[PDB]
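Let me begin by presenting the structure, written as structure tokens, before commenting on it.
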Amino acid sequence: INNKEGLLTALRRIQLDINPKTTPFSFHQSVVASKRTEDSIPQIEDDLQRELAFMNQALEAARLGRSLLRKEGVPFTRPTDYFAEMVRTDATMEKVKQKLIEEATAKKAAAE
Amino acid sequence: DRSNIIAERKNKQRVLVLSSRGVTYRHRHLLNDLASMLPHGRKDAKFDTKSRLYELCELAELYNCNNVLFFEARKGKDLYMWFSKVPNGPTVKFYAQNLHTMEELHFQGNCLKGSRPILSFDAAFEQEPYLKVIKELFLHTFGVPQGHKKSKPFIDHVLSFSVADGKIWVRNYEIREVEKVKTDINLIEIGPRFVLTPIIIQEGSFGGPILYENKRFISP
Amino acid sequence: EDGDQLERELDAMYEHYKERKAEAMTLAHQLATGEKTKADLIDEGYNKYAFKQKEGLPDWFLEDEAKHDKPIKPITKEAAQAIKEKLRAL
Amino acid sequence: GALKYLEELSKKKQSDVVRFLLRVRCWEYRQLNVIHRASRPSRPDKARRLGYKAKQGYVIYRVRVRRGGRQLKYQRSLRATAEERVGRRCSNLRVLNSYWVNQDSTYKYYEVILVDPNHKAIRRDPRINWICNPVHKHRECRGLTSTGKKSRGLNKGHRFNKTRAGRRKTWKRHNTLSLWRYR
Amino acid sequence: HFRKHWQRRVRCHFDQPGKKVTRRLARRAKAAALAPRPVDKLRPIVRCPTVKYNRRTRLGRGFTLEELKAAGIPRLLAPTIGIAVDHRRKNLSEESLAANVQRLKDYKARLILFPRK
Amino acid sequence: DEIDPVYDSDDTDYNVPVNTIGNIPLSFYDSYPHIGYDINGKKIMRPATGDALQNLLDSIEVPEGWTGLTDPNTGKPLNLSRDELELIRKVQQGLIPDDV
Amino acid sequence: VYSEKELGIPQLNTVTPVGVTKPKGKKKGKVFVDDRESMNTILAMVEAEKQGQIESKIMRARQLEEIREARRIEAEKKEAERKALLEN
Amino acid sequence: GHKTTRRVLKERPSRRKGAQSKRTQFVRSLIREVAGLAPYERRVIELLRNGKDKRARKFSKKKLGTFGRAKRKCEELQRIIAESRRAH
RNA sequence: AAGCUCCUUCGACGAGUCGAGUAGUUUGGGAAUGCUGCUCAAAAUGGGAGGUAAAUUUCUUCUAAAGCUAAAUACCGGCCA
RNA sequence: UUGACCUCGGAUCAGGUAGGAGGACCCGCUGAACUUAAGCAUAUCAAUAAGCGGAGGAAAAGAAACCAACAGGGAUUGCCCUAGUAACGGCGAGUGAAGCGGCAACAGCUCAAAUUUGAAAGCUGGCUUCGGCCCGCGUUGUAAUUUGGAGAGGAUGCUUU
């Protein structure tokens with residue numbers, strides 16, 4: 001069951017107009033990648049290549065949005081003068097710092 | 001005018017994130033992660049499963065919310081996510097399978113709680129029709145309206161959507177600026193990693209005619 | 001009839017027996033910081049002891065009810081510091 | 001029908017009239033002692049459904065117990081504590097049951113129904129000679145009352161796998177190394 | 001798996017023949033009490049619930065009310081002649097109902113009932 | 001009917017600050033002349049510098065609305081209004097939850 | 001116990017911003033604060049660290065206000081220099 | 001699975017083991033009208049009379065803990081308001 | 001006194017208890033595994049626990065907050081053998 | 001003035017009851033550490049040892065707010081198996097059930113919710129010629145009937161003491 005006509009009419013009812021001619025990237029804030037990325041992923045199981053493909057797609061979208069944000073003039077670089085709430089706790093930051101330090105110390109201690 | 005959007009033309013959008021009565025701690029962590037990421041949203045928990053989906057609709061009407069994100073836990077092991085345009089908008093059911101929350105110490109990424117993300121949509125969301133619908137609903141959900149002042153103003157994180165087999169994959173990355181050698185972006189994963197198998201798309205708010213049935217879904 | 005004399009005797013005996021023998025600052029902090037608003041304040045003020053007669057009742061019974069009508073609300077170290085600094089005199 | 005109406009009052013116990021009555025009775029209980037005798041119950045409907053009988057040998061005792069924490073919580077309920085205090089007070093009687101009657105910001109108030117095992121009306125009544133039997137000595141002390149069963153988890157289902165047949169007995173049964181003759 | 005004191009919680013089985021002979025004496029004592037009656041009450045034929053054991057059948061707890069009524073044995077008199085009665089069970093199938101009715105009819109045909117006092 | 005996504009008068013977020021700064025402790029921005037950034041991205045200055053005599057007088061006799069809390073919006077300490085003080089008094093006493 | 005500078009631990013985007021970070025091992029940039037005002041700002045922060053704990057709220061506030069004035073003058077001079085460079 | 005003929009079972013008396021009888025409805029309503037209202041019930045009554053249905057629903061949910069219970073309590077309070085209006 | 005059959009008559013079923021938030025304790029078990037303590041506090045086409053993507057919470061199975069009860073079970077103790 | 005009703009007390013009044021002991025097994029409260037992880041802190045030891053309270057010849061549990069998805073099972077309890085499975089875990093050390101199935105034994109019931117209302121029909125005590133006389137409890141509810149895979153009430157015609 002796939003009613004394409006009904007899907008199209010429902011999306012027509014939903015649709016918020018998204019036109020670069022009419023509407024700014026500051027508003028719509030969406031980037032559509034040209035590549036399908038299923039070609040970029042040869043095998044589903046391979047975690048490394050899957051992560052790399054997602055990395056590539058996200059990076060391309062980020063660069064495109066960044067260029068559009070310069071074209072619009074909206075601020076984009078969060079300055080060192082700024083401190084604000086994080087999505088995760090400074091305690092979590094301290095813990096991940098501890099884990100990284102432990103791993104590095106173990107490595108170069110094994111070298112020693 | 002207390003719609004709390006300071007903008008030329010306002011994107012009045014609201015998300016009500018609801019959880020069910022039997023959600024696992026991992027699913028509650030996922031709820032907390034999306035609640036932190038979505039600043040035009042309201043958290044609520046323990047909706048009785050014996051109630052009705054249009055009763056979810058009056059719940060969203062009570063909270064004045066035009067979008068609802070429903071977390072239904074089945075077996076206490078399998079997540080079901082409902083994205084619905086509340087008043088009379090088509091709704092999508094996906095099944096969430098693989099779960100990774102922000103509290104795991106292998107992500108090594110962090111951003112602003114509520115800052116606007118770069119929405120990185122895949123191409124299949126641009127060709128395929130039911131993926132058209134999913135893209136529209138997802139844009140309306142994670143849209144983070146323009147002049148909404150409960151958001152911080154500097155863009156530093158990317159929410160990327162990408163289908164591989166038949167499944168939507170969600171990724172969250174942080175933009176790190178490093179100056180070029182005689183400044184570009186390195187993306188470092190932050191948080192919610194949850195794998196989506198689309199199941200159904202209904203025309204109504206929560207009922208209505210069925211339009212897409214994913215005839216490749218094998219249930220746990 | 002009116003009981004005024006007997007109430008006088010009871011109050012005199014109670015006075016003779018007496019002779020012989022953070023939460024507010026926490027609420028103020030919650031109101032100041034963007035945590036709880038006016039509607040929340042009245043909602044929390046509708047307690048089990050709401051509509052407690054206090055004017056026409058005898059002093060001894062009012063003192064007993066005041067001793068035993070204290071609800072336990074969470075407190076904060078910031079509120080403790082604030083009350084200590086407020087109580088600290090010259 | 002009057003008991004049904006009383007049950008509805010106890011259901012809407014937060015109403016105006018019930019709040020006033022519990023206020024006045026709380027003042028009276030604070031004025032009285034920690035443990036005292038009632039010939040007639042404060043909530044006759046609750047007493048009747050718990051088993052109180054208008055017979056010579058049934059008594060009610062009203063007891064106030066301190067409420068709050070013991071951050072270690074005292075695993076015995078205040079109801080069980082009140083029943084145990086009643087047992088040490090009148091060791092002669094047998095604790096039939098108990099029910100909450102009132103509460104305050106410092107004390108919680110319970111009424112316990114007690115039965116006299118040495119009165120021959122109680123001996124004759126074949127519905128109560130079971131508690132006349134000697135196996136029911138200090139049921140409150142052995143946790144055999146309703147609060148005891150609730151705290152011991154004496155219920156059926158997969159939710160009560162570890163406690164449906166006794167926690168310590170289940171532990172012992174699972175940790176015994178049984179060795180047969182023909183191994 | 002010997003982290004704990006299996007030394008204090010080891011219990012042996014040297015009393016197996018003793019328990020066997022005790023059980024035999026107990027059933028013999030029950031027979032002596034109910035000298036002409038059978039030692040065990042009649043029980044219905046029921047089916048194992050799970051899918052792994054559907055095709056196999058076993059003994060139940062007691063007969064259903066509908067089965068007793070169809071067999072013509074009163075509910076209050078069946079336990080006195082030695083028929084286990086289970087009020088919780090329901091038939092839900094003519095096959096099981098008929099099987100238990102046939103079993104009860106065979107019991108009636110093989111039973112001799114004595115006239116009170 | 002289509003729901004109009006508007007804060008109600010009773011909503012928790014009915015009034016949200018302009019400072020855009022979250023639940024961060026006030027230890028930050030102590031050395032910086034501004035308090036955070038607004039929507040557009042422009043930093044918000046301290047309002048003014050308190051006088052030494054005024055600070056000494058406040059320490060000697062703290063005002064009625066003094067709470068010892070630094071305002072997340074402005075460098076000056078946050079002070080409760082008279083209506084807020086009356087609300088706190090009414091909540092503490094329990095004599096009148098709702099007026100009239 | 002080993003030095004974090006030697007340990008190749010990447011910077012993390014906690015509450016304190018990472019900002020823009022130099023590529024590893026290649027030409028870290030040089031920024032000069034040769035200006036007397038910048039000297040005074042950093043020196044005043046150094047003296048704040050040297051003083052440390054003080055028992056007077058007024059003294060702490062005046063210390064903070066002085067070093068805030070230091071940043072303010074530094075920022076004004078930097079803005080003036082940026083305007084001059086834009087002119088040139 | 002197996003093909004067996006299903007029978008029709010007798011209605012168990014344990015069905016509806018709650019309350020649906022008119023006598024209990026009478027008793028419950030009479031006890032309501034003799035006893036009165038709780039503080040929160042009266043607050044929600046005031047909200048509904050003033051017309052703040054959303055605010056009343058939110059307050060009821062906050063006091064009770066469940067959406068269904070909040071909706072139900074709003075329902076009884078609404079019929080109480082209607083019955084009082086008819087009585088007046 | 002008692003068991004039944006039939007019916008143009010009826011059919012009451014346990015509340016600071018469930019439940020929500022929260023601290024402690026405990027378990028293989030955040031659908032909080034069970035319990036206790038604090039705040040709020042229920043319903044009567046009700047409530048509980050389950051099944052299920054199957055298209056909306058359909059379906060299944062039981063009635064919690066009163067109580068009694070021998071036998072199969074343990075037994076370094078008592079009277080013996 | 002008098003007499004009730006209720007409540008609170010005294011009596012070297014009459015009749016009884018509670019201590020303590022024992023504690024192998026049993027029911028609860030409370031509750032460690034050594035050790036292991038070749039260091040150690042979560043964990044483990046252990047929901048154990050010590051301490052406290054309470055019975056019996058057994059105790060406890062016990063007649064589903066159960067198991068289950070069945071072509072259904074049908075109180076509790078103990079053995080074998082499920083099984084070192086599921087599940088949880090500095091996912092290290094490790095921890096660790098349950099349904100079902102084969103058995104042993106098997107027994108079901110009492111209440112609150114009703115108006116006996118054409119009759120408190122119920123029960124305690126002392127006084128006895130031991131047969132029946134009082135006193136008191138009690139209507140703020142003692143007898144009979146009834147407890148939801150039910151029942152009540154009439155009619156109805158069989159069958160039991």
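Chain labels run A, B, ... following the order of the structure tokens; each chain numbers its residues from 1, and ligands are numbered from 1 in the order shown.
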Could you name the residues that touch range 37-41 of chain I at 10 Å or less, counting only C-alpha atoms (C1' of nucleotides), but leaving out those on the same chain fewer than 6 positions away, as a PyMOL selection string?
(chain C and resi 47-48+71-73) or (chain D and resi 14+67-78) or (chain H and resi 62-65) or (chain I and resi 16+18-24)
Which range 30-74 of chain I residues have any atom within 12 Å of an atom of range 14-25 of chain E, and for each, what is the nearest pair of atoms with distance in Å to one decimal, counting only C-alpha atoms (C1' of nucleotides), rows sorted by chain and number, as a Markdown table?
| residue | atom | partner | partner_atom | distance |
| --- | --- | --- | --- | --- |
| I:71 | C1' | E:23 | CA | 11.2 |
| I:72 | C1' | E:23 | CA | 9.1 |
| I:73 | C1' | E:19 | CA | 11.9 |
Tell me, counting only C-alpha atoms (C1' of nucleotides), for each residue of chain H within 7 Å of chain J, which pair of atoms is nearest and how far apart they are in Å to one decimal, in rows ordered by chain and increasing number, as a tab-separated table.
residue	atom	partner	partner_atom	distance
H:2	CA	J:71	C1'	5.4
H:4	CA	J:71	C1'	6.4
H:12	CA	J:149	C1'	5.7
H:13	CA	J:148	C1'	4.8
H:14	CA	J:148	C1'	4.5
Check every residue of chain E for an atom within 10 Å of chain I, counting only C-alpha atoms (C1' of nucleotides), and provide those that qualify as a list in words.
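Selected residues: residues 23, 74, 76 and 77 of chain E.
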For the selection just defined, write its residues with C-alpha atoms to a file, as a compact mmCIF listing (two decimals), in the first residue's frame.
# COMPACT_ATOMS: atom_id res chain seq x y z
CA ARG E 23 4.92 -42.47 52.17
CA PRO E 74 -24.78 -32.86 41.31
CA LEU E 76 -22.72 -30.74 46.02
CA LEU E 77 -22.78 -34.55 45.85
For chain B, which residues have at least one atom within 12 Å of chain F, if we go by only C-alpha atoms? Write them as a PyMOL selection string, please.
chain B and resi 1-7+10-16+36+39-42+57-67+85-89+112-116+145-155+205
